[PDB]
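> please find the sequence and an experimentally derived structure below.
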Amino acid sequence: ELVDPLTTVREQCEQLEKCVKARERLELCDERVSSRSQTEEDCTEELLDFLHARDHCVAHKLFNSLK
Amino acid sequence: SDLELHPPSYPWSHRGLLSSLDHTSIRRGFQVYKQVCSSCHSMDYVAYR
Amino acid sequence: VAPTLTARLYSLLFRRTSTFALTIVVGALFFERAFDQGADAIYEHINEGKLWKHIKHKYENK
Amino acid sequence: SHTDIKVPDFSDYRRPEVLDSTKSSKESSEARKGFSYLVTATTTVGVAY
Amino acid sequence: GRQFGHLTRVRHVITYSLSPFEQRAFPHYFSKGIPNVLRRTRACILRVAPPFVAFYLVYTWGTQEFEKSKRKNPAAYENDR
Amino acid sequence: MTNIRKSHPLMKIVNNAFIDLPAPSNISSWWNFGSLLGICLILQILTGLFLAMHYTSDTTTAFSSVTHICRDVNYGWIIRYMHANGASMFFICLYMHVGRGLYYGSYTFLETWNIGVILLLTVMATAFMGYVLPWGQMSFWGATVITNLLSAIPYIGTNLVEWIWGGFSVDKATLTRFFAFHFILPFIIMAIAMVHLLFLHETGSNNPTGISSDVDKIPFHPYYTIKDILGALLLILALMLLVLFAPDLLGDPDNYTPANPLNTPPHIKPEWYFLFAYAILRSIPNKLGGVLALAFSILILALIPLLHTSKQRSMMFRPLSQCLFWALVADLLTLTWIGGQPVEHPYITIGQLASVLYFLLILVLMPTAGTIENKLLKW
Amino acid sequence: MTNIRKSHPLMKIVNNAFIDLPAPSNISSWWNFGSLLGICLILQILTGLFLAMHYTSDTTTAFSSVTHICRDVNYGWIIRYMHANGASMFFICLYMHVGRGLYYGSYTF
Amino acid sequence: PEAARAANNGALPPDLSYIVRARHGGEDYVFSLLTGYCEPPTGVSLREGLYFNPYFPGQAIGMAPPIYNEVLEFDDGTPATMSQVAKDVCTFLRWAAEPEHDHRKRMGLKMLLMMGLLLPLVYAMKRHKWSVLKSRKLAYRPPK
Amino acid sequence: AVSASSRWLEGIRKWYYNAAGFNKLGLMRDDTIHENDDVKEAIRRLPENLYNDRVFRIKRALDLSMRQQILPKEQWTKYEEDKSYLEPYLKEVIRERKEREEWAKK
Ligand code: HEC
Ligand code: HEM
Ligand code: HEM
Ligand code: HEM
Ligand code: FES
């Protein structure tokens, strides 16, 4: 069990604006890719820009929440 | 040209000027090495000192 | 009136350049003995339970 | 002629222990210098350690 | 030859000074000083600042123009075709 | 000179080249970098020595040994950090010591300037070679690039390089050399220094206004000796504060990995103070022509005295001649950061632009600036 | 001293500590060991150098490396032999340079 | 190195001794790296051993993720957590790369307390000596 | 090709003179000049009353630059008053060397 402190802190930050906001583009990119995946395209670029804005929030919270 | 994300700066018990390390946690930190990293990644440069 | 602490001091010590030299040596002598001792506590008081000095008490002599 | 010379006032720069015109410098003199050296000898303590 | 004797010829120039003891190590350091810093900070600042200012702009502008190019691939050519 | 102890050994009359050397009255702190070079030089050689006693020059050994210092030797970690960072705090002085040179027009002294030029040109060589010695990754490839670059010479190039390498590549005997050089060579700098200082004693120092100071002189012992000490003190912090709290900040190269000739690091640069020179090079597409610029980069400092174009020495009185000069500062500062960047098209164009500007300021504008102002003041 | 090239760089007037340094007339060959020390000293440092470039200081390496000089390095055998024997020819000078010292009573300086 | 590489399927495990100061970004690089393992985005492929992780430069790593919740038990007995476990390592390496760490900052403090004295004191003397120059007065009294 | 800008020059030159500090220390235009061989001979020929008053301005100049301070702007030099005293001597020495330098051509 123990659930980790991590995952818990993960969801609160992704509940912020820019997280979900950029996350939209993921679906937008992917769903397009879902049709167009045959093309060279990938959403990895977008996945990244998601991750950055996410972790900046994640930065402060959990390291405190640790032992 | 892979986008390199940067690690967001976490607080660190030693981050401050006069801040020190926590030895208590280190004991654990070593225990992990002997458990896991023993497989492949080595450390040549340290003795049992 | 009595001479101010300096007015004494100057006549007794800093006049003769020998004493004026000697006083310096003993000065740094005691200085480092007290000075260094204080600096540790200040630092040590900052980190509590982060050093074996405190931590080692859990396991030392079993 | 030459005797027209007269010395400007430096009062601003002095320190008031000697400020008075009617006093013997020799009263303050002892301590007056006693401070300056205290600066010097103090300094050498630091270099020494 | 010897340095101090023959340096140059000067005439009728009078000098006055005090012992370093009589006078003080700080003749109104803060009061008389802090204005003096200002009036002599501005005389140069007209001549100094502008070029550095130009640099910082270029630096910022440079990064942005750099960023758009690389980071966003589907920018000029989007993923359609 | 009755029973003056300054005659009796003669050598002390040679030591009145300091104490009574007359000096101007008004001297800005900017003239303290006279001394602070020397002390940054001495503090090397010692701290430069006690590294040698535990260092070993071998392809197999060397890197292991530098490990061995930081770990096992009592007080072994401070020294290595004083030495390396004692290099950077050496240049940051050195440049200023040139800067004062131009902006007050001290270069008017014609010989002392030149010996100045060489004395620079040597250091840049030393502080290079040593940087190979750790034999880390950034040392290995950073060695090949600089040397192999020299092959540009039309005929003798191919041989001349292979000569220094003592082989086809940078393996052992190329290392052992660069130890024995980096060891001896500072002593020669110390040799020249006592020449470079000599001619100066004839004409005395210049002074900020750019006026013959003859009527106003001061003994050197009671006054400036303190001020240098005070100057000598502020260094220590600026050295200590860096070397003690934040070791690796200015230690910008991140690469301790033992050199593998097969792998290559993605980005490769010298340490910071070199960059701008290395930035000049990337500009020129043509290889051979490219190298000359880099060689011609510094040497122009020797030609500056021919360009004294005006009737007054200082730049403190010439607003124009002052106006441009600062643009040159940012221009260099630009080059620094430029070379420290990858070679994509937003950067590429820029360096090519800043390159021409650099010379254009020194080689055209500034010599013209003095002409107008002569005409202005009705000279 | 009109257009005498000995002034113009000052450093050359320091170099009239040699050329016009007046000397006695009668001087025995025994005073040649003034120079021959110097030249035996210079000839070291150079020949002392080009050994360094191939030498290595290690308990494991060092001896192997000196082997490596006499065998594999072009003209490598002369240098090591100039250096070592360049030491003995240094002392044999040096002692004489003291001997002249006593027997003429130069120590009065 | 060969027997190392062979089992690693052509990959080469790096030495961990100073690896903190080796890679850019400091220790935070490692922690969030071991932290981050994502799902491959739509439209990207990988080699079998290679796993997609954003921080790693090529974003394909032959390291199989070591950590899951409670891989171990601690000598202490604190619950073993992917987050708790990870950080505890990322402190250790930081000590191996500079074992002098905790020792040096003593001087870092202790030199400052030292240095507070001198700079004013020295600056006290400087003005003392020069105080004769800055007190000058001139007057030009020609028989003219 | 300068007419109004010429009338703008004296706004700069006659006014430029205001933008170069040596007006503000008590110096003049002449005492500034970078010394050269001619000036070395140009100096010699100055009678006393000029010469000393060339010294004292300097001696007062330098001292001020030590204390980083600047004269009361009432007592600053006034561009309308510009003492050229150097020129009438200096053109001689430049002239008279031209002759030798040329006469020794051939
Ligand atoms: C499955 C065997 C194995 C385990 C167990 C293992 N490693 Fe890894 N790890 C590897 C290999 C092999 C690489 C390098 C593969 C590559 O670079 O593509 C790697 C990558 C790494 C890297 C980054 C290497 C680089 O190229 O930058 C680090 C740091 C690291 N491991 C540390 C650890 C730590 C900490 C642990 C304990 C949690 C650990 N390893 C346990 C096999 C292992
Ligand atoms: C102007 C004088 C000197 C300069 C600019 C200088 C510069 C350097 C530099 C930049 C390095 C590499 C720094 C590093 O690797 O961390 C270095 C290393 C070294 N220097 Fe010098 N040094 C000087 C004098 C000396 C002297 C006099 C000696 C020997 C007495 C010396 C011996 C060494 C050694 C053995 C190394 C290798 C040790 C090491 O790099 O960790 N250096 N020096
Ligand atoms: C290790 C290198 C150097 C050392 C040790 C050194 C040392 C000195 C010292 C001690 C002085 C006397 C103090 C002073 O005049 O500021 C001096 C003067 C001077 N040096 Fe150097 N210097 C070095 C490099 C240079 C370089 C690289 C140049 C020019 C390229 C240079 C040009 C000058 C000049 C022009 C002066 C006299 C300036 C003046 O008197 O106003 N020096 N140098
Ligand atoms: C007065 C000057 C010198 C004297 C008296 C001197 C003397 C010696 C002697 C007696 C040996 C051992 C001879 C042998 O092992 O065959 C030796 C070896 C050596 N010397 Fe010197 N030497 C001098 C200068 C130098 C200099 C200036 C260097 C370096 C630039 C140098 C580098 C070496 C080296 C590396 C060795 C070991 C090589 C070898 O011994 O085979 N020596 N020297
Ligand atoms: S020489 Fe190979 S990249 Fe410039």
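Ah, there it is. Numbering: from 1, shown residues only, chains lettered A, B, ... in the order given. Ligands and ions are numbered 1, 2, ... in the order given.

> where do the helices sit along chain B?
With DSSP state H as the criterion, chain B has helices at B:23-35.

> return the distance of the host helix or strand of residue F:124 from the chain's centre.
Using DSSP states H and E, the element containing residue F:124 is helix F:110-129. Helix F:110-129 sits 8 Å away from the centroid of its parent chain (Cα atoms, centre = their mean, to the nearest Å).

> close to chain I, is that helix?
No - Helix F:110-129 is not in contact with chain I by Cβ under 8 Å from any Cβ of the partner chain; minimum separation 12.9 Å. Where you see a C-beta, it was placed from the backbone N, CA and C, and this is true even at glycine.

> can I get that helix in PDB? Just the C-alpha atoms.
What follows is helix F:110-129, C-alpha atoms only, in PDB (Å, rounded to 0.1, in the frame of the first residue of the first chain):
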ATOM      1  CA  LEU F 110      55.700  52.900 -26.400                       C
ATOM      2  CA  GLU F 111      58.000  50.100 -25.200                       C
ATOM      3  CA  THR F 112      56.300  49.200 -21.900                       C
ATOM      4  CA  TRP F 113      53.100  48.600 -23.900                       C
ATOM      5  CA  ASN F 114      54.700  46.100 -26.200                       C
ATOM      6  CA  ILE F 115      56.300  44.000 -23.500                       C
ATOM      7  CA  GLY F 116      52.800  44.200 -22.200                       C
ATOM      8  CA  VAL F 117      51.500  42.500 -25.300                       C
ATOM      9  CA  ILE F 118      53.800  39.500 -25.200                       C
ATOM     10  CA  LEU F 119      53.300  39.200 -21.400                       C
ATOM     11  CA  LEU F 120      49.600  38.700 -22.100                       C
ATOM     12  CA  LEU F 121      50.200  36.400 -25.100                       C
ATOM     13  CA  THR F 122      52.300  34.000 -23.000                       C
ATOM     14  CA  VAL F 123      49.700  33.600 -20.200                       C
ATOM     15  CA  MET F 124      47.000  32.600 -22.600                       C
ATOM     16  CA  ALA F 125      49.300  29.800 -23.600                       C
ATOM     17  CA  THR F 126      50.100  28.600 -20.100                       C
ATOM     18  CA  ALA F 127      46.500  28.700 -18.800                       C
ATOM     19  CA  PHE F 128      45.700  26.600 -21.800                       C
ATOM     20  CA  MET F 129      48.100  23.700 -21.400                       C
END
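
> so which elements touch that helix?
Other helices and strands packing on helix F:110-129, by 3 or more Cβ pairs under 8 Å, 6 or more residues apart in numbering or on different chains; DSSP states H and E, are helix F:76-103, helix F:173-196, helix F:287-303.

> tell me the angle it makes with helix F:76-103.
150 degrees (axes from the mean of the first three to the mean of the last three Cα atoms, to 10 degrees).

> show me what counts as buried in helix F:110-129.
F:111-117, F:119, F:123, F:126-129 (16 or more other Cβ atoms under 10 Å in any protein chain shown).

> in chain D, which spans are helices?
Under the criterion DSSP H, chain D contains helices at D:25-48.

> which helix is the longest one in chain I?
For chain I, the helix reaching the highest residue count under DSSP H is reported as helix I:48-66.

> does that helix reach chain D?
No - judged by Cβ under 8 Å from any Cβ, helix I:48-66 and chain D are separated, with a smallest distance of 14.5 Å.

> centre of the chain to that helix, how far?
The chain centre lies 13 Å from the centre of helix I:48-66; the measure is Cα atoms, centre = their mean.

> likewise for stretch H:12-24?
12 Å.

> what residues of the helix or strand in which residue A:55 is found count as buried?
If you go by DSSP H and E, residue A:55 is part of helix A:44-65. Using 16+ other Cβ under 10 Å as the test for burial, helix A:44-65 gives A:44-51, A:53-59, A:62-63.

> from chain A, how far off is residue H:36?
7 Å (Cβ to the nearest Cβ, to the nearest Å).

> now swap in residue E:7 and tell me
Residue E:7 is 68 Å from chain A, by Cβ to the nearest Cβ.

> repeat that for residue F:5.
Taking Cβ to the nearest Cβ, one finds residue F:5 at 69 Å from chain A.

> again with residue F:222
Noted for residue F:222: a distance of 57 Å to chain A, by Cβ to the nearest Cβ.

> swap in residue F:346?
19 Å.

> same deal with residue B:42?
Residue B:42 is 28 Å from chain A, where distance means Cβ to the nearest Cβ.

> neighbouring contacts of stretch H:75-86?
Applying Cβ atoms under 8 Å, 6 or more residues apart in numbering or on different chains, the contact partners of stretch H:75-86 are A:2, A:4-6, A:62, A:66-67, B:24, B:27-28, B:31-32, H:31, H:34-35, H:67-74.

> just checking: which of those residues also lie near chain I?
Among these, no residue is within reach of chain I (Cβ under 8 Å from any Cβ).

> enumerate the residues of chain A near chain E.
Residues of chain A found near chain E (Cβ under 8 Å from any Cβ) are A:32, A:33, A:36, A:39, A:40, A:41, A:45.

> so where does the first one fall, helix or strand?
Pointing back at residue A:32 there. In the assignment (DSSP H and E), residue A:32 maps to helix A:17-36.

> which elements pack onto that helix?
Helix A:17-36 packs on helix A:5-14, helix A:44-65, going by 3+ Cβ pairs under 8 Å, 6+ apart.

> any idea how far the first one is from the chain center?
Okay, so that is helix A:5-14. Distance, centroid of helix A:5-14 to centroid of chain: 11 Å (Cα atoms, centre = their mean).

> residue contacts, the residue of chain E found nearest chain D?
As assessed by Cβ to the nearest Cβ, chain D sits closest to residue E:23 within chain E, at 3.9 Å. Shown in contact with residue E:23 (Cβ under 8 Å, 6+ apart): D:10, D:13, D:14, D:15, H:131, H:135.

> just residue I:90 next, same as before
Contact analysis of residue I:90 by Cβ under 8 Å, 6+ apart lists I:38, I:39, I:42.

> so which of the residues you listed is surrounded by the most neighbours?
Counting neighbours by other Cβ atoms under 10 Å in any protein chain shown, residue I:42 leads the contacts of residue I:90 with 20 neighbours.

> for that one, give its distance to residue I:51.
Residue I:42 sits 12 Å away from residue I:51, taking Cβ to Cβ, to the nearest Å as the criterion.

> what of residue H:101?
Distance, residue H:101 to residue I:51, using Cβ to Cβ: 70 Å.

> please apply the same query to residue F:156.
For residue F:156 relative to residue I:51 (Cβ to Cβ), the value is 62 Å.

> these two: who's more crowded?
Legend: neighbour count by other Cβ under 10 Å for residue F:156 and residue I:51, higher for residue I:51 (14 against 10).

> how near is the closest residue in space to that one that isn't next to it in sequence to residue I:85?
Distances taken as Cβ to Cβ, 6 or more residues apart in numbering or on different chains put residue I:43 closest to residue I:51, at 7.9 Å, once the chain neighbours are dropped. Counting by Cβ to Cβ, the separation of residue I:43 from residue I:85 is 12 Å.

> which ones are touching the residue of chain B found nearest chain A?
At 4.0 Å from chain A, residue B:8 is the closest residue in chain B, using Cβ to the nearest Cβ. Applying Cβ under 8 Å, 6+ apart to residue B:8 gives the contacts A:52, A:55, A:56, A:58, A:59, H:28, H:32.

> repeat that for 7 Å
Contact analysis of residue B:8 by Cβ atoms under 7 Å, 6 or more residues apart in numbering or on different chains lists A:55, A:56, A:59.
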